[PDB]
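To start, the structure itself, in structure tokens.
In PDB author numbering, the protein residues as written are 1 to 97.
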């Protein structure tokens, strides 16, 4: 939650070579399927902010979890046991009141 910070890294293009990075997909609270490419040994934080910006919503309004575990900014895909084309679950933690 406190890791609700982010920076402008919008996808302008997708012209680049691959290497050691994997792909992951997110299911948003609105069934928002976001696709992103991140390293195995990098922080999930960039992934979380990356998909949040895709939807155009703050990271504090939604919940990022996998296999029933919250994803922290210091959490990594490799440590959480993820791989290429893996999928993460996102819910809404906004408020109706």
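Heads up, the beta-carbon is just placed ideally off N, CA and C, and yes, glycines get one too.
- With a 10 Å radius around the Cβ and a threshold of 16 neighbouring Cβ atoms, residue 10 comes out exposed.
- DSSP, read as helix, strand or coil, puts residue 65 in strand.
- Apart from the 5 residues on each side of it in sequence, residue 80 sits with its Cβ closer than 8 Å to the Cβ of 44, 66, 67, 69 and 71 in its chain, given in chain order.
- Contact check for residue 82 against residue 24 passes: the beta carbons are separated by less than 8 Å.
- Residue state for residue 78 is assigned as coil, using DSSP reduced to three classes.
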